[PDB]
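A.B. asks: Input structure: entry31.pdb, which contains PDB, C-alpha atoms.
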ATOM      1  CA  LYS A   1     108.512  77.557 113.128
ATOM      2  CA  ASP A   2     106.918  80.717 114.515
ATOM      3  CA  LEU A   3     110.215  82.561 114.041
ATOM      4  CA  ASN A   4     110.532  81.014 110.584
ATOM      5  CA  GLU A   5     107.078  82.052 109.379
ATOM      6  CA  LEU A   6     107.482  85.462 111.012
ATOM      7  CA  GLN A   7     110.834  86.200 109.377
ATOM      8  CA  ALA A   8     109.355  84.853 106.147
ATOM      9  CA  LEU A   9     106.468  87.324 106.288
ATOM     10  CA  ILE A  10     108.934  89.996 107.416
ATOM     11  CA  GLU A  11     111.071  89.558 104.312
ATOM     12  CA  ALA A  12     107.833  89.258 102.343
ATOM     13  CA  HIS A  13     106.429  92.634 103.374
ATOM     14  CA  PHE A  14     109.987  93.899 102.991
ATOM     15  CA  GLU A  15     109.809  92.925  99.328
ATOM     16  CA  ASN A  16     106.256  94.233  98.939
ATOM     17  CA  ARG A  17     106.927  97.659 100.437
ATOM     18  CA  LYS A  18     110.153  97.633  98.424
ATOM     19  CA  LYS A  19     108.243  97.189  95.169
ATOM     20  CA  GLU A  20     105.894  99.924  96.346
ATOM     21  CA  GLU A  21     108.883 102.185  96.986
ATOM     22  CA  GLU A  22     110.234 101.417  93.517
ATOM     23  CA  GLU A  23     106.854 102.334  92.049
ATOM     24  CA  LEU A  24     106.812 105.522  94.110
ATOM     25  CA  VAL A  25     110.340 106.380  92.957
ATOM     26  CA  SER A  26     109.289 105.926  89.336
ATOM     27  CA  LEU A  27     106.319 108.119  90.212
ATOM     28  CA  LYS A  28     108.665 110.815  91.531
ATOM     29  CA  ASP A  29     110.774 110.499  88.388
ATOM     30  CA  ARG A  30     107.848 110.918  86.005
ATOM     31  CA  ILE A  31     106.731 113.685  88.367
ATOM     32  CA  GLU A  32     109.984 115.552  87.818
ATOM     33  CA  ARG A  33     109.547 114.897  84.108
ATOM     34  CA  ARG A  34     106.152 116.546  84.452
ATOM     35  CA  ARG A  35     107.706 119.453  86.346
ATOM     36  CA  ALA A  36     110.290 119.955  83.610
ATOM     37  CA  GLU A  37     107.762 119.707  80.778
ATOM     38  CA  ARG A  38     105.350 122.081  82.507
ATOM     39  CA  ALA A  39     108.256 124.446  83.131
ATOM     40  CA  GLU A  40     109.378 124.457  79.504
ATOM     41  CA  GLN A  41     105.875 124.816  78.071
ATOM     42  CA  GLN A  42     104.993 127.502  80.614
ATOM     43  CA  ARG A  43     108.202 129.308  79.713
ATOM     44  CA  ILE A  44     107.385 129.066  76.004
ATOM     45  CA  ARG A  45     103.921 130.476  76.671
ATOM     46  CA  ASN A  46     105.448 133.295  78.710
ATOM     47  CA  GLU A  47     108.014 133.998  75.989
ATOM     48  CA  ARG A  48     105.307 134.396  73.366
TER      49      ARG A  48
ATOM     50  CA  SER B   1      85.023 149.217  77.179
ATOM     51  CA  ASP B   2      83.774 148.356  80.671
ATOM     52  CA  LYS B   3      83.461 144.692  79.725
ATOM     53  CA  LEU B   4      86.972 144.638  78.255
ATOM     54  CA  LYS B   5      88.487 146.137  81.406
ATOM     55  CA  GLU B   6      86.648 143.594  83.554
ATOM     56  CA  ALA B   7      87.928 140.718  81.429
ATOM     57  CA  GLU B   8      91.512 141.999  81.484
ATOM     58  CA  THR B   9      91.480 142.319  85.272
ATOM     59  CA  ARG B  10      90.065 138.799  85.600
ATOM     60  CA  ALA B  11      92.829 137.468  83.352
ATOM     61  CA  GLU B  12      95.574 139.135  85.386
ATOM     62  CA  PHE B  13      94.140 137.822  88.655
ATOM     63  CA  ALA B  14      93.893 134.273  87.315
ATOM     64  CA  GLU B  15      97.430 134.354  85.903
ATOM     65  CA  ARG B  16      98.906 135.494  89.212
ATOM     66  CA  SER B  17      96.924 132.802  91.030
ATOM     67  CA  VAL B  18      98.246 130.129  88.663
ATOM     68  CA  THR B  19     101.818 131.316  89.244
ATOM     69  CA  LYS B  20     101.428 131.107  93.017
ATOM     70  CA  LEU B  21      99.782 127.683  92.793
ATOM     71  CA  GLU B  22     102.567 126.329  90.583
ATOM     72  CA  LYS B  23     105.271 127.530  92.959
ATOM     73  CA  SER B  24     103.435 126.098  95.974
ATOM     74  CA  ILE B  25     102.866 122.682  94.390
ATOM     75  CA  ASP B  26     106.530 122.476  93.408
ATOM     76  CA  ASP B  27     107.606 123.322  96.961
ATOM     77  CA  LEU B  28     105.268 120.731  98.470
ATOM     78  CA  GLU B  29     106.569 118.118  96.030
ATOM     79  CA  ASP B  30     110.089 118.949  97.207
ATOM     80  CA  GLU B  31     109.025 118.476 100.829
ATOM     81  CA  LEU B  32     107.417 115.117 100.036
ATOM     82  CA  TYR B  33     110.589 114.034  98.241
ATOM     83  CA  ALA B  34     112.663 114.956 101.296
ATOM     84  CA  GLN B  35     110.432 113.011 103.685
ATOM     85  CA  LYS B  36     110.505 110.015 101.338
ATOM     86  CA  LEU B  37     114.298 110.274 101.367
ATOM     87  CA  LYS B  38     114.328 110.151 105.179
ATOM     88  CA  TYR B  39     111.956 107.175 105.185
ATOM     89  CA  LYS B  40     114.121 105.336 102.659
ATOM     90  CA  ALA B  41     117.265 106.039 104.687
ATOM     91  CA  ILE B  42     115.819 104.613 107.895
ATOM     92  CA  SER B  43     114.317 101.741 105.889
ATOM     93  CA  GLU B  44     117.750 100.848 104.501
ATOM     94  CA  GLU B  45     119.172 100.995 108.025
ATOM     95  CA  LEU B  46     116.425  98.620 109.181
ATOM     96  CA  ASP B  47     117.103  96.387 106.170
ATOM     97  CA  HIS B  48     120.750  96.160 107.233
ATOM     98  CA  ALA B  49     119.505  95.321 110.727
ATOM     99  CA  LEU B  50     117.370  92.556 109.197
ATOM    100  CA  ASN B  51     120.345  91.278 107.212
ATOM    101  CA  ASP B  52     122.306  90.997 110.449
ATOM    102  CA  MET B  53     119.292  89.455 112.220
ATOM    103  CA  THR B  54     119.307  86.744 109.557
ATOM    104  CA  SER B  55     122.521  85.748 111.351
ATOM    105  CA  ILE B  56     120.701  86.270 114.671
TER     106      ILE B  56
END
Could you write out this structure as C-alpha cells?
C.D. replies:
Amino acid sequence: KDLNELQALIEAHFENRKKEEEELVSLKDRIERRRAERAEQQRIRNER
Amino acid sequence: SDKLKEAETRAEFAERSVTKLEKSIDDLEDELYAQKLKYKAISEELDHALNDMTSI
C-alpha cells in the first residue's frame, strides 16, 4: 500500500506539473504573440 | 535652442536604450524557451520510464 499510495501521488504530481507545463506553454505562445505584435507595431512606428 | 538640443539628445539616447532592451529581452526569452524544451524532453523520458515502471 506504500508503493500504491506513492505511485498514486507520483502520477498525481505528474498530472499537476503537466497542467503547469501546459499553462506555461500557453504562456510562451501568448508571449510569442506579444513578440509579434510588439514587432509589428514597433515597425509601424519606425516606418512613420 | 539649448533646450531643444537637450531634448533631442535625450530622445535619441532613450530610443537606443529601448532598442537594446528589446533585443536583450527577446534573446533571454529564447534562452528560457530552450531550457524549457530541455526540461520537457527529459520529463517525457522520465514519463516513459514511469509508464514502464507501471509494469514494474
A.B. asks: Nearest to chain B: which of A:40, A:32, A:5, A:47 is it, counting all atoms listed in the file?
C.D. replies: A:32
A.B. asks: Excluding segment 16-23 of chain A and its own-chain neighbours fewer than 4 positions away, which residues fall within 10 Å of it when counting all atoms listed in the file? Please give them as a count of residues only.
C.D. replies: 9
A.B. asks: Sorted by chain and rising residue number, which residues of chain B lie within 9 Å of chain A, and what are their closest atom pairs and distances in Å to one decimal, counting only C-alpha atoms, as CSV?
C.D. replies:
residue,atom,partner,partner_atom,distance
B:26,CA,A:35,CA,7.8
B:29,CA,A:28,CA,8.8
B:33,CA,A:28,CA,7.7
B:40,CA,A:21,CA,8.3
B:47,CA,A:14,CA,8.2
B:50,CA,A:11,CA,8.5
B:54,CA,A:7,CA,8.5
A.B. asks: Output C-alpha atoms for every residue in the selection just made, as a CSV table (one decimal), in the frame of the given file.
C.D. replies:
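Generated output (part12.csv):
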chain,number,residue,atom,x,y,z
B,26,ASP,CA,106.5,122.5,93.4
B,29,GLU,CA,106.6,118.1,96.0
B,33,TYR,CA,110.6,114.0,98.2
B,40,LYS,CA,114.1,105.3,102.7
B,47,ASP,CA,117.1,96.4,106.2
B,50,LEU,CA,117.4,92.6,109.2
B,54,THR,CA,119.3,86.7,109.6
A.B. asks: So which one's closest to residue 3 of chain A, B:21, B:49, B:56, B:4? Using all atoms listed in the file, please.
C.D. replies: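 Answer, going by the shortest atom-to-atom distance: B:56.
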